[PDB]
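Enquirer: To be precise about what I am sending: the file is called query.pdb and holds PDB, N, CA and C atoms.
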MODEL        1
ATOM      1  N   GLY A 426      21.351 -11.604   8.644  1.00  0.00           N
ATOM      2  CA  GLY A 426      21.523 -10.391   7.794  1.00  0.00           C
ATOM      3  C   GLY A 426      22.894  -9.770   8.062  1.00  0.00           C
ATOM      4  N   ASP A 427      23.936 -10.372   7.558  1.00  0.00           N
ATOM      5  CA  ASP A 427      25.300  -9.816   7.784  1.00  0.00           C
ATOM      6  C   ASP A 427      25.356  -8.377   7.267  1.00  0.00           C
ATOM      7  N   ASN A 428      24.743  -8.115   6.146  1.00  0.00           N
ATOM      8  CA  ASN A 428      24.761  -6.731   5.591  1.00  0.00           C
ATOM      9  C   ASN A 428      24.273  -5.748   6.658  1.00  0.00           C
ATOM     10  N   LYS A 429      23.332  -6.157   7.464  1.00  0.00           N
ATOM     11  CA  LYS A 429      22.811  -5.253   8.527  1.00  0.00           C
ATOM     12  C   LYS A 429      22.076  -4.072   7.888  1.00  0.00           C
ATOM     13  N   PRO A 430      20.816  -3.857   8.297  1.00  0.00           N
ATOM     14  CA  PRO A 430      19.986  -2.768   7.774  1.00  0.00           C
ATOM     15  C   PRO A 430      20.377  -1.411   8.366  1.00  0.00           C
ATOM     16  N   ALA A 431      20.165  -0.351   7.636  1.00  0.00           N
ATOM     17  CA  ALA A 431      20.521   0.998   8.158  1.00  0.00           C
ATOM     18  C   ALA A 431      19.479   1.431   9.191  1.00  0.00           C
ATOM     19  N   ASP A 432      19.851   2.298  10.093  1.00  0.00           N
ATOM     20  CA  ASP A 432      18.887   2.756  11.129  1.00  0.00           C
ATOM     21  C   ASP A 432      17.599   3.241  10.460  1.00  0.00           C
ATOM     22  N   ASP A 433      17.699   3.838   9.303  1.00  0.00           N
ATOM     23  CA  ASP A 433      16.469   4.328   8.617  1.00  0.00           C
ATOM     24  C   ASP A 433      15.529   3.147   8.379  1.00  0.00           C
ATOM     25  N   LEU A 434      16.070   2.022   8.008  1.00  0.00           N
ATOM     26  CA  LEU A 434      15.221   0.824   7.762  1.00  0.00           C
ATOM     27  C   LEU A 434      14.703   0.285   9.094  1.00  0.00           C
ATOM     28  N   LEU A 435      15.556   0.216  10.072  1.00  0.00           N
ATOM     29  CA  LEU A 435      15.139  -0.310  11.404  1.00  0.00           C
ATOM     30  C   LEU A 435      14.169   0.662  12.078  1.00  0.00           C
ATOM     31  N   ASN A 436      14.398   1.935  11.936  1.00  0.00           N
ATOM     32  CA  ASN A 436      13.498   2.930  12.585  1.00  0.00           C
ATOM     33  C   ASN A 436      12.325   3.266  11.660  1.00  0.00           C
ATOM     34  N   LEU A 437      12.294   2.703  10.483  1.00  0.00           N
ATOM     35  CA  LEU A 437      11.167   2.999   9.553  1.00  0.00           C
ATOM     36  C   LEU A 437       9.905   2.284  10.036  1.00  0.00           C
ATOM     37  N   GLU A 438       8.831   3.004  10.207  1.00  0.00           N
ATOM     38  CA  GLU A 438       7.570   2.362  10.673  1.00  0.00           C
ATOM     39  C   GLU A 438       7.130   1.312   9.652  1.00  0.00           C
ATOM     40  N   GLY A 439       6.742   0.153  10.107  1.00  0.00           N
ATOM     41  CA  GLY A 439       6.301  -0.910   9.159  1.00  0.00           C
ATOM     42  C   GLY A 439       7.373  -1.998   9.075  1.00  0.00           C
ATOM     43  N   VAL A 440       8.592  -1.671   9.403  1.00  0.00           N
ATOM     44  CA  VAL A 440       9.679  -2.688   9.341  1.00  0.00           C
ATOM     45  C   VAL A 440      10.143  -3.023  10.758  1.00  0.00           C
ATOM     46  N   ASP A 441       9.916  -4.231  11.194  1.00  0.00           N
ATOM     47  CA  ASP A 441      10.348  -4.619  12.565  1.00  0.00           C
ATOM     48  C   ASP A 441      11.850  -4.900  12.552  1.00  0.00           C
ATOM     49  N   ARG A 442      12.450  -5.043  13.700  1.00  0.00           N
ATOM     50  CA  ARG A 442      13.911  -5.323  13.742  1.00  0.00           C
ATOM     51  C   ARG A 442      14.202  -6.554  12.888  1.00  0.00           C
ATOM     52  N   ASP A 443      13.329  -7.519  12.929  1.00  0.00           N
ATOM     53  CA  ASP A 443      13.539  -8.759  12.129  1.00  0.00           C
ATOM     54  C   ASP A 443      13.500  -8.429  10.635  1.00  0.00           C
ATOM     55  N   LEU A 444      12.436  -7.834  10.161  1.00  0.00           N
ATOM     56  CA  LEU A 444      12.369  -7.498   8.713  1.00  0.00           C
ATOM     57  C   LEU A 444      13.621  -6.712   8.338  1.00  0.00           C
ATOM     58  N   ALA A 445      14.156  -5.970   9.268  1.00  0.00           N
ATOM     59  CA  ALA A 445      15.388  -5.192   8.978  1.00  0.00           C
ATOM     60  C   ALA A 445      16.484  -6.165   8.551  1.00  0.00           C
ATOM     61  N   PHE A 446      16.589  -7.273   9.231  1.00  0.00           N
ATOM     62  CA  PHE A 446      17.621  -8.279   8.862  1.00  0.00           C
ATOM     63  C   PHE A 446      17.156  -9.002   7.601  1.00  0.00           C
ATOM     64  N   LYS A 447      15.875  -9.228   7.486  1.00  0.00           N
ATOM     65  CA  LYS A 447      15.341  -9.914   6.280  1.00  0.00           C
ATOM     66  C   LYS A 447      15.562  -9.012   5.065  1.00  0.00           C
ATOM     67  N   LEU A 448      15.583  -7.724   5.277  1.00  0.00           N
ATOM     68  CA  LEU A 448      15.797  -6.784   4.144  1.00  0.00           C
ATOM     69  C   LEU A 448      17.299  -6.559   3.952  1.00  0.00           C
ATOM     70  N   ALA A 449      18.023  -6.364   5.021  1.00  0.00           N
ATOM     71  CA  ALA A 449      19.492  -6.144   4.895  1.00  0.00           C
ATOM     72  C   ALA A 449      20.143  -7.406   4.328  1.00  0.00           C
ATOM     73  N   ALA A 450      19.629  -8.553   4.674  1.00  0.00           N
ATOM     74  CA  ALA A 450      20.213  -9.821   4.150  1.00  0.00           C
ATOM     75  C   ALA A 450      19.850  -9.967   2.671  1.00  0.00           C
ATOM     76  N   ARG A 451      19.074  -9.057   2.151  1.00  0.00           N
ATOM     77  CA  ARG A 451      18.676  -9.146   0.719  1.00  0.00           C
ATOM     78  C   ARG A 451      19.392  -8.065  -0.093  1.00  0.00           C
ATOM     79  N   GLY A 452      20.385  -7.437   0.474  1.00  0.00           N
ATOM     80  CA  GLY A 452      21.125  -6.383  -0.279  1.00  0.00           C
ATOM     81  C   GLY A 452      20.644  -4.995   0.150  1.00  0.00           C
ATOM     82  N   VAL A 453      19.455  -4.896   0.677  1.00  0.00           N
ATOM     83  CA  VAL A 453      18.949  -3.561   1.109  1.00  0.00           C
ATOM     84  C   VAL A 453      19.510  -3.235   2.494  1.00  0.00           C
ATOM     85  N   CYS A 454      20.667  -2.634   2.547  1.00  0.00           N
ATOM     86  CA  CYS A 454      21.274  -2.296   3.864  1.00  0.00           C
ATOM     87  C   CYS A 454      20.873  -0.877   4.270  1.00  0.00           C
ATOM     88  N   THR A 455      20.169  -0.176   3.423  1.00  0.00           N
ATOM     89  CA  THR A 455      19.759   1.210   3.778  1.00  0.00           C
ATOM     90  C   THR A 455      18.303   1.441   3.371  1.00  0.00           C
ATOM     91  N   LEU A 456      17.662   2.406   3.970  1.00  0.00           N
ATOM     92  CA  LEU A 456      16.244   2.689   3.620  1.00  0.00           C
ATOM     93  C   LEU A 456      16.156   3.041   2.134  1.00  0.00           C
ATOM     94  N   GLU A 457      17.129   3.751   1.626  1.00  0.00           N
ATOM     95  CA  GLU A 457      17.107   4.120   0.183  1.00  0.00           C
ATOM     96  C   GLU A 457      17.134   2.844  -0.656  1.00  0.00           C
ATOM     97  N   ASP A 458      17.904   1.878  -0.242  1.00  0.00           N
ATOM     98  CA  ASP A 458      17.977   0.602  -1.005  1.00  0.00           C
ATOM     99  C   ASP A 458      16.582  -0.026  -1.064  1.00  0.00           C
ATOM    100  N   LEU A 459      15.787   0.177  -0.048  1.00  0.00           N
ATOM    101  CA  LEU A 459      14.415  -0.405  -0.048  1.00  0.00           C
ATOM    102  C   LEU A 459      13.539   0.373  -1.029  1.00  0.00           C
ATOM    103  N   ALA A 460      13.759   1.653  -1.147  1.00  0.00           N
ATOM    104  CA  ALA A 460      12.942   2.462  -2.091  1.00  0.00           C
ATOM    105  C   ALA A 460      13.157   1.937  -3.511  1.00  0.00           C
ATOM    106  N   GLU A 461      14.216   1.204  -3.723  1.00  0.00           N
ATOM    107  CA  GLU A 461      14.489   0.660  -5.082  1.00  0.00           C
ATOM    108  C   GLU A 461      13.834  -0.716  -5.228  1.00  0.00           C
ATOM    109  N   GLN A 462      13.408  -1.304  -4.143  1.00  0.00           N
ATOM    110  CA  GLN A 462      12.761  -2.645  -4.234  1.00  0.00           C
ATOM    111  C   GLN A 462      11.318  -2.484  -4.709  1.00  0.00           C
ATOM    112  N   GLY A 463      10.732  -3.535  -5.211  1.00  0.00           N
ATOM    113  CA  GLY A 463       9.326  -3.447  -5.695  1.00  0.00           C
ATOM    114  C   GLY A 463       8.446  -4.409  -4.893  1.00  0.00           C
ATOM    115  N   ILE A 464       7.174  -4.128  -4.807  1.00  0.00           N
ATOM    116  CA  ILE A 464       6.261  -5.024  -4.039  1.00  0.00           C
ATOM    117  C   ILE A 464       6.466  -6.472  -4.484  1.00  0.00           C
ATOM    118  N   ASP A 465       6.647  -6.688  -5.757  1.00  0.00           N
ATOM    119  CA  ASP A 465       6.847  -8.077  -6.256  1.00  0.00           C
ATOM    120  C   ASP A 465       8.201  -8.603  -5.779  1.00  0.00           C
ATOM    121  N   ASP A 466       9.184  -7.751  -5.705  1.00  0.00           N
ATOM    122  CA  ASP A 466      10.527  -8.202  -5.246  1.00  0.00           C
ATOM    123  C   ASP A 466      10.468  -8.528  -3.752  1.00  0.00           C
ATOM    124  N   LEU A 467       9.768  -7.731  -2.991  1.00  0.00           N
ATOM    125  CA  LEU A 467       9.670  -7.996  -1.528  1.00  0.00           C
ATOM    126  C   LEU A 467       8.558  -9.014  -1.271  1.00  0.00           C
ATOM    127  N   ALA A 468       7.743  -9.276  -2.257  1.00  0.00           N
ATOM    128  CA  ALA A 468       6.639 -10.259  -2.069  1.00  0.00           C
ATOM    129  C   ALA A 468       7.222 -11.593  -1.602  1.00  0.00           C
ATOM    130  N   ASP A 469       8.408 -11.914  -2.038  1.00  0.00           N
ATOM    131  CA  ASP A 469       9.036 -13.198  -1.620  1.00  0.00           C
ATOM    132  C   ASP A 469       9.346 -13.150  -0.123  1.00  0.00           C
ATOM    133  N   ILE A 470       9.489 -11.974   0.426  1.00  0.00           N
ATOM    134  CA  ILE A 470       9.793 -11.865   1.881  1.00  0.00           C
ATOM    135  C   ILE A 470       8.687 -12.554   2.683  1.00  0.00           C
ATOM    136  N   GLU A 471       8.961 -12.897   3.912  1.00  0.00           N
ATOM    137  CA  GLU A 471       7.926 -13.570   4.745  1.00  0.00           C
ATOM    138  C   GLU A 471       7.338 -12.563   5.738  1.00  0.00           C
ATOM    139  N   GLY A 472       6.040 -12.535   5.870  1.00  0.00           N
ATOM    140  CA  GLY A 472       5.409 -11.575   6.819  1.00  0.00           C
ATOM    141  C   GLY A 472       5.098 -10.265   6.088  1.00  0.00           C
ATOM    142  N   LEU A 473       5.444 -10.178   4.833  1.00  0.00           N
ATOM    143  CA  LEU A 473       5.168  -8.930   4.067  1.00  0.00           C
ATOM    144  C   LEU A 473       3.987  -9.164   3.123  1.00  0.00           C
ATOM    145  N   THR A 474       3.050  -8.255   3.093  1.00  0.00           N
ATOM    146  CA  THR A 474       1.874  -8.430   2.195  1.00  0.00           C
ATOM    147  C   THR A 474       2.049  -7.564   0.947  1.00  0.00           C
ATOM    148  N   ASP A 475       1.238  -7.781  -0.053  1.00  0.00           N
ATOM    149  CA  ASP A 475       1.354  -6.971  -1.297  1.00  0.00           C
ATOM    150  C   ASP A 475       1.047  -5.507  -0.977  1.00  0.00           C
ATOM    151  N   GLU A 476       0.035  -5.264  -0.190  1.00  0.00           N
ATOM    152  CA  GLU A 476      -0.313  -3.861   0.166  1.00  0.00           C
ATOM    153  C   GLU A 476       0.723  -3.323   1.155  1.00  0.00           C
ATOM    154  N   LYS A 477       1.120  -4.124   2.106  1.00  0.00           N
ATOM    155  CA  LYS A 477       2.132  -3.661   3.096  1.00  0.00           C
ATOM    156  C   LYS A 477       3.436  -3.345   2.365  1.00  0.00           C
ATOM    157  N   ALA A 478       3.815  -4.176   1.437  1.00  0.00           N
ATOM    158  CA  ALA A 478       5.072  -3.927   0.678  1.00  0.00           C
ATOM    159  C   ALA A 478       4.954  -2.596  -0.067  1.00  0.00           C
ATOM    160  N   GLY A 479       3.793  -2.299  -0.584  1.00  0.00           N
ATOM    161  CA  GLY A 479       3.611  -1.016  -1.317  1.00  0.00           C
ATOM    162  C   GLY A 479       3.804   0.151  -0.350  1.00  0.00           C
ATOM    163  N   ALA A 480       3.381  -0.011   0.874  1.00  0.00           N
ATOM    164  CA  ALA A 480       3.543   1.083   1.872  1.00  0.00           C
ATOM    165  C   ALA A 480       4.969   1.057   2.421  1.00  0.00           C
ATOM    166  N   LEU A 481       5.424  -0.088   2.853  1.00  0.00           N
ATOM    167  CA  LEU A 481       6.807  -0.185   3.397  1.00  0.00           C
ATOM    168  C   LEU A 481       7.787   0.415   2.388  1.00  0.00           C
ATOM    169  N   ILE A 482       7.764  -0.064   1.173  1.00  0.00           N
ATOM    170  CA  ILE A 482       8.691   0.478   0.141  1.00  0.00           C
ATOM    171  C   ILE A 482       8.380   1.956  -0.095  1.00  0.00           C
ATOM    172  N   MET A 483       7.129   2.319  -0.051  1.00  0.00           N
ATOM    173  CA  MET A 483       6.761   3.746  -0.263  1.00  0.00           C
ATOM    174  C   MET A 483       7.184   4.555   0.963  1.00  0.00           C
ATOM    175  N   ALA A 484       7.190   3.939   2.113  1.00  0.00           N
ATOM    176  CA  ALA A 484       7.607   4.667   3.343  1.00  0.00           C
ATOM    177  C   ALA A 484       9.084   5.033   3.216  1.00  0.00           C
ATOM    178  N   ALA A 485       9.873   4.139   2.691  1.00  0.00           N
ATOM    179  CA  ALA A 485      11.322   4.429   2.520  1.00  0.00           C
ATOM    180  C   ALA A 485      11.494   5.387   1.343  1.00  0.00           C
ATOM    181  N   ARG A 486      10.718   5.205   0.311  1.00  0.00           N
ATOM    182  CA  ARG A 486      10.819   6.106  -0.869  1.00  0.00           C
ATOM    183  C   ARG A 486      10.393   7.513  -0.454  1.00  0.00           C
ATOM    184  N   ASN A 487       9.321   7.617   0.281  1.00  0.00           N
ATOM    185  CA  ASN A 487       8.843   8.956   0.726  1.00  0.00           C
ATOM    186  C   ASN A 487       9.935   9.650   1.544  1.00  0.00           C
ATOM    187  N   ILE A 488      10.588   8.926   2.408  1.00  0.00           N
ATOM    188  CA  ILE A 488      11.658   9.544   3.243  1.00  0.00           C
ATOM    189  C   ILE A 488      12.957   9.634   2.443  1.00  0.00           C
ATOM    190  N   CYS A 489      13.212   8.673   1.603  1.00  0.00           N
ATOM    191  CA  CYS A 489      14.467   8.695   0.801  1.00  0.00           C
ATOM    192  C   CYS A 489      14.292   9.609  -0.414  1.00  0.00           C
ATOM    193  N   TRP A 490      13.125   9.620  -0.988  1.00  0.00           N
ATOM    194  CA  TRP A 490      12.881  10.486  -2.177  1.00  0.00           C
ATOM    195  C   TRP A 490      12.287  11.819  -1.723  1.00  0.00           C
ATOM    196  N   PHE A 491      10.993  11.876  -1.570  1.00  0.00           N
ATOM    197  CA  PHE A 491      10.349  13.145  -1.129  1.00  0.00           C
ATOM    198  C   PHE A 491      11.110  13.708   0.070  1.00  0.00           C
ATOM    199  N   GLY A 492      11.506  12.859   0.973  1.00  0.00           N
ATOM    200  CA  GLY A 492      12.253  13.335   2.171  1.00  0.00           C
ATOM    201  C   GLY A 492      11.270  13.920   3.187  1.00  0.00           C
ATOM    202  N   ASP A 493      11.764  14.630   4.163  1.00  0.00           N
ATOM    203  CA  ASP A 493      10.859  15.226   5.185  1.00  0.00           C
ATOM    204  C   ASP A 493       9.958  16.269   4.520  1.00  0.00           C
ATOM    205  N   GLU A 494      10.429  16.893   3.473  1.00  0.00           N
ATOM    206  CA  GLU A 494       9.600  17.919   2.781  1.00  0.00           C
ATOM    207  C   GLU A 494       8.194  17.362   2.545  1.00  0.00           C
ATOM    208  N   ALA A 495       8.088  16.086   2.293  1.00  0.00           N
ATOM    209  CA  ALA A 495       6.746  15.482   2.054  1.00  0.00           C
ATOM    210  C   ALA A 495       6.622  14.183   2.853  1.00  0.00           C
TER     211      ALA A 495
ENDMDL
END
Mind turning the file's structure into structure tokens?
Expert:
Amino acid sequence: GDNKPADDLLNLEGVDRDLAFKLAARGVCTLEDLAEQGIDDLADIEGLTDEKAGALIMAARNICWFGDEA
């Protein structure tokens, strides 16, 4: 993952240091970039489930979109 994931992605619960590289190597170098991904888009990832992808992507969206407020 030359792109390297942002600390938000690495420190985001649900994403291990490895998935961070698996996500950063896919163009998502920041947690916000993950909020733009879809369960079907991350479905190709390895170790990610359809329900987990909905939460992982929602975890970044909640922090990137709703933010700490929610």
Enquirer: If you run DSSP on this backbone, which residues of chain A come out as alpha helix (DSSP H), and could you give them as a ChimeraX atom specification?
Expert: /A:432-435,442-449,456-460,464-468,475-486
Enquirer: Got a sec: who's within 6.5 Å of residue A:482, counting all atoms listed in the file, leaving out chain neighbours fewer than 4 positions off, as a PyMOL selection string?
Expert: chain A and resi 459-460+462+477-478+486-487
Enquirer: Report the residues retrieved by the PyMOL selection byres ((chain A and resi 456) around 6) from the displayed file, expressed as a short mmCIF file (atom, residue, chain, number, x, y, z; two decimals) with N, CA and C atoms, keeping the file's coordinate frame.
Expert:
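File result.cif, as written:
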data_model
loop_
_atom_site.label_atom_id
_atom_site.label_comp_id
_atom_site.auth_asym_id
_atom_site.auth_seq_id
_atom_site.Cartn_x
_atom_site.Cartn_y
_atom_site.Cartn_z
N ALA A 431 20.16 -0.35 7.64
CA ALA A 431 20.52 1.00 8.16
C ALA A 431 19.48 1.43 9.19
N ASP A 433 17.70 3.84 9.30
CA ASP A 433 16.47 4.33 8.62
C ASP A 433 15.53 3.15 8.38
N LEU A 434 16.07 2.02 8.01
CA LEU A 434 15.22 0.82 7.76
C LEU A 434 14.70 0.28 9.09
N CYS A 454 20.67 -2.63 2.55
CA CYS A 454 21.27 -2.30 3.86
C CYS A 454 20.87 -0.88 4.27
N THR A 455 20.17 -0.18 3.42
CA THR A 455 19.76 1.21 3.78
C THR A 455 18.30 1.44 3.37
N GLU A 457 17.13 3.75 1.63
CA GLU A 457 17.11 4.12 0.18
C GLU A 457 17.13 2.84 -0.66
N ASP A 458 17.90 1.88 -0.24
CA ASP A 458 17.98 0.60 -1.00
C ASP A 458 16.58 -0.03 -1.06
N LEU A 459 15.79 0.18 -0.05
CA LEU A 459 14.42 -0.40 -0.05
C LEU A 459 13.54 0.37 -1.03
N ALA A 460 13.76 1.65 -1.15
CA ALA A 460 12.94 2.46 -2.09
C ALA A 460 13.16 1.94 -3.51
N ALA A 485 9.87 4.14 2.69
CA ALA A 485 11.32 4.43 2.52
C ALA A 485 11.49 5.39 1.34
#
Enquirer: Given the file above and the PyMOL selection byres (((chain A and resi 435 and name CA) around 12) and name CA), which residues are selected, and can you give them as a tab-separated table (two decimals) with N, CA and C atoms, in the frame of the given file?
Expert:
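Listing of part.tsv after writing:
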chain	number	residue	atom	x	y	z
A	429	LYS	N	23.33	-6.16	7.46
A	429	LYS	CA	22.81	-5.25	8.53
A	429	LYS	C	22.08	-4.07	7.89
A	430	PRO	N	20.82	-3.86	8.30
A	430	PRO	CA	19.99	-2.77	7.77
A	430	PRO	C	20.38	-1.41	8.37
A	431	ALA	N	20.16	-0.35	7.64
A	431	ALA	CA	20.52	1.00	8.16
A	431	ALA	C	19.48	1.43	9.19
A	432	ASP	N	19.85	2.30	10.09
A	432	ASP	CA	18.89	2.76	11.13
A	432	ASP	C	17.60	3.24	10.46
A	433	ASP	N	17.70	3.84	9.30
A	433	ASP	CA	16.47	4.33	8.62
A	433	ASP	C	15.53	3.15	8.38
A	434	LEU	N	16.07	2.02	8.01
A	434	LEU	CA	15.22	0.82	7.76
A	434	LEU	C	14.70	0.28	9.09
A	436	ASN	N	14.40	1.94	11.94
A	436	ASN	CA	13.50	2.93	12.58
A	436	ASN	C	12.32	3.27	11.66
A	437	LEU	N	12.29	2.70	10.48
A	437	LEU	CA	11.17	3.00	9.55
A	437	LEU	C	9.90	2.28	10.04
A	438	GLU	N	8.83	3.00	10.21
A	438	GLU	CA	7.57	2.36	10.67
A	438	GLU	C	7.13	1.31	9.65
A	439	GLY	N	6.74	0.15	10.11
A	439	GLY	CA	6.30	-0.91	9.16
A	439	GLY	C	7.37	-2.00	9.07
A	440	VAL	N	8.59	-1.67	9.40
A	440	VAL	CA	9.68	-2.69	9.34
A	440	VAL	C	10.14	-3.02	10.76
A	441	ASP	N	9.92	-4.23	11.19
A	441	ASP	CA	10.35	-4.62	12.56
A	441	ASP	C	11.85	-4.90	12.55
A	442	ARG	N	12.45	-5.04	13.70
A	442	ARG	CA	13.91	-5.32	13.74
A	442	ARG	C	14.20	-6.55	12.89
A	443	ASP	N	13.33	-7.52	12.93
A	443	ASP	CA	13.54	-8.76	12.13
A	443	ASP	C	13.50	-8.43	10.64
A	444	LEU	N	12.44	-7.83	10.16
A	444	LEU	CA	12.37	-7.50	8.71
A	444	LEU	C	13.62	-6.71	8.34
A	445	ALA	N	14.16	-5.97	9.27
A	445	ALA	CA	15.39	-5.19	8.98
A	445	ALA	C	16.48	-6.16	8.55
A	446	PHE	N	16.59	-7.27	9.23
A	446	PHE	CA	17.62	-8.28	8.86
A	446	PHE	C	17.16	-9.00	7.60
A	447	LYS	N	15.88	-9.23	7.49
A	447	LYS	CA	15.34	-9.91	6.28
A	447	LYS	C	15.56	-9.01	5.07
A	448	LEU	N	15.58	-7.72	5.28
A	448	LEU	CA	15.80	-6.78	4.14
A	448	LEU	C	17.30	-6.56	3.95
A	449	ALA	N	18.02	-6.36	5.02
A	449	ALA	CA	19.49	-6.14	4.89
A	449	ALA	C	20.14	-7.41	4.33
A	453	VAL	N	19.45	-4.90	0.68
A	453	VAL	CA	18.95	-3.56	1.11
A	453	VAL	C	19.51	-3.24	2.49
A	454	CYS	N	20.67	-2.63	2.55
A	454	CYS	CA	21.27	-2.30	3.86
A	454	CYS	C	20.87	-0.88	4.27
A	455	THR	N	20.17	-0.18	3.42
A	455	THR	CA	19.76	1.21	3.78
A	455	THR	C	18.30	1.44	3.37
A	456	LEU	N	17.66	2.41	3.97
A	456	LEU	CA	16.24	2.69	3.62
A	456	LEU	C	16.16	3.04	2.13
A	459	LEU	N	15.79	0.18	-0.05
A	459	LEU	CA	14.42	-0.40	-0.05
A	459	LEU	C	13.54	0.37	-1.03
A	481	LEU	N	5.42	-0.09	2.85
A	481	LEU	CA	6.81	-0.18	3.40
A	481	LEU	C	7.79	0.42	2.39
A	485	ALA	N	9.87	4.14	2.69
A	485	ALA	CA	11.32	4.43	2.52
A	485	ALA	C	11.49	5.39	1.34
Enquirer: Work out how far apart atom CA of residue A:494 and atom C of residue A:475 are and give it in Å to one decimal.
Expert: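 Rounded to one decimal, the two atoms are 25.2 Å apart.
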Enquirer: Please indicate the distance in Å from atom CA of residue A:472 to atom CA of residue A:490, rounded to one decimal place.
Expert: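 A separation of 25.0 Å between them.
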Enquirer: Work out how far apart atom N of residue A:426 and atom N of residue A:450 are and give it in Å to one decimal.
Expert: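 Those two atoms sit 5.3 Å apart.
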Enquirer: Once 3 Å is added on each side, what are the centre and the three edge lengths, in Å to one decimal, of the axis-aligned box enclosing the listed atoms of stretch 463-470 of chain A? Present them as JSON.
Expert:
{"center_x": 8.5, "center_y": -8.3, "center_z": -1.8, "size_x": 10.5, "size_y": 15.8, "size_z": 14.9}
Enquirer: Please fill the gaps in stretch 482-495 of chain A so it has N, CA, C and O atoms, and write that as a PDB file, in the coordinates of the input.
Expert:
ATOM      1  N   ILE A 482       7.764  -0.064   1.173  1.00  0.00           N
ATOM      2  CA  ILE A 482       8.691   0.478   0.141  1.00  0.00           C
ATOM      3  C   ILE A 482       8.380   1.956  -0.095  1.00  0.00           C
ATOM      4  O   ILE A 482       9.265   2.761  -0.308  1.00  0.00           O
ATOM      5  N   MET A 483       7.129   2.319  -0.051  1.00  0.00           N
ATOM      6  CA  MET A 483       6.761   3.746  -0.263  1.00  0.00           C
ATOM      7  C   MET A 483       7.184   4.555   0.963  1.00  0.00           C
ATOM      8  O   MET A 483       7.511   5.720   0.868  1.00  0.00           O
ATOM      9  N   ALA A 484       7.190   3.939   2.113  1.00  0.00           N
ATOM     10  CA  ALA A 484       7.607   4.667   3.343  1.00  0.00           C
ATOM     11  C   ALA A 484       9.084   5.033   3.216  1.00  0.00           C
ATOM     12  O   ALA A 484       9.502   6.118   3.574  1.00  0.00           O
ATOM     13  N   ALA A 485       9.873   4.139   2.691  1.00  0.00           N
ATOM     14  CA  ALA A 485      11.322   4.429   2.520  1.00  0.00           C
ATOM     15  C   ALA A 485      11.494   5.387   1.343  1.00  0.00           C
ATOM     16  O   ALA A 485      12.312   6.285   1.370  1.00  0.00           O
ATOM     17  N   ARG A 486      10.718   5.205   0.311  1.00  0.00           N
ATOM     18  CA  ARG A 486      10.819   6.106  -0.869  1.00  0.00           C
ATOM     19  C   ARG A 486      10.393   7.513  -0.454  1.00  0.00           C
ATOM     20  O   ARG A 486      11.023   8.493  -0.793  1.00  0.00           O
ATOM     21  N   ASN A 487       9.321   7.617   0.281  1.00  0.00           N
ATOM     22  CA  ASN A 487       8.843   8.956   0.726  1.00  0.00           C
ATOM     23  C   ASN A 487       9.935   9.650   1.544  1.00  0.00           C
ATOM     24  O   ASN A 487      10.177  10.832   1.400  1.00  0.00           O
ATOM     25  N   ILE A 488      10.588   8.926   2.408  1.00  0.00           N
ATOM     26  CA  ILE A 488      11.658   9.544   3.243  1.00  0.00           C
ATOM     27  C   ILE A 488      12.957   9.634   2.443  1.00  0.00           C
ATOM     28  O   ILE A 488      13.726  10.562   2.592  1.00  0.00           O
ATOM     29  N   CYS A 489      13.212   8.673   1.603  1.00  0.00           N
ATOM     30  CA  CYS A 489      14.467   8.695   0.801  1.00  0.00           C
ATOM     31  C   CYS A 489      14.292   9.609  -0.414  1.00  0.00           C
ATOM     32  O   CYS A 489      15.206  10.296  -0.825  1.00  0.00           O
ATOM     33  N   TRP A 490      13.125   9.620  -0.988  1.00  0.00           N
ATOM     34  CA  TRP A 490      12.881  10.486  -2.177  1.00  0.00           C
ATOM     35  C   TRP A 490      12.287  11.819  -1.723  1.00  0.00           C
ATOM     36  O   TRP A 490      12.992  12.787  -1.515  1.00  0.00           O
ATOM     37  N   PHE A 491      10.993  11.876  -1.570  1.00  0.00           N
ATOM     38  CA  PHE A 491      10.349  13.145  -1.129  1.00  0.00           C
ATOM     39  C   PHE A 491      11.110  13.708   0.070  1.00  0.00           C
ATOM     40  O   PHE A 491      11.333  14.898   0.176  1.00  0.00           O
ATOM     41  N   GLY A 492      11.506  12.859   0.973  1.00  0.00           N
ATOM     42  CA  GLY A 492      12.253  13.335   2.171  1.00  0.00           C
ATOM     43  C   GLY A 492      11.270  13.920   3.187  1.00  0.00           C
ATOM     44  O   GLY A 492      10.073  13.731   3.089  1.00  0.00           O
ATOM     45  N   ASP A 493      11.764  14.630   4.163  1.00  0.00           N
ATOM     46  CA  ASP A 493      10.859  15.226   5.185  1.00  0.00           C
ATOM     47  C   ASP A 493       9.958  16.269   4.520  1.00  0.00           C
ATOM     48  O   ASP A 493       8.847  16.508   4.949  1.00  0.00           O
ATOM     49  N   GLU A 494      10.429  16.893   3.473  1.00  0.00           N
ATOM     50  CA  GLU A 494       9.600  17.919   2.781  1.00  0.00           C
ATOM     51  C   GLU A 494       8.194  17.362   2.545  1.00  0.00           C
ATOM     52  O   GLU A 494       7.214  18.080   2.591  1.00  0.00           O
ATOM     53  N   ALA A 495       8.088  16.086   2.293  1.00  0.00           N
ATOM     54  CA  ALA A 495       6.746  15.482   2.054  1.00  0.00           C
ATOM     55  C   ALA A 495       6.622  14.183   2.853  1.00  0.00           C
ATOM     56  O   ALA A 495       6.157  13.206   2.290  1.00  0.00           O
TER      57      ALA A 495
END
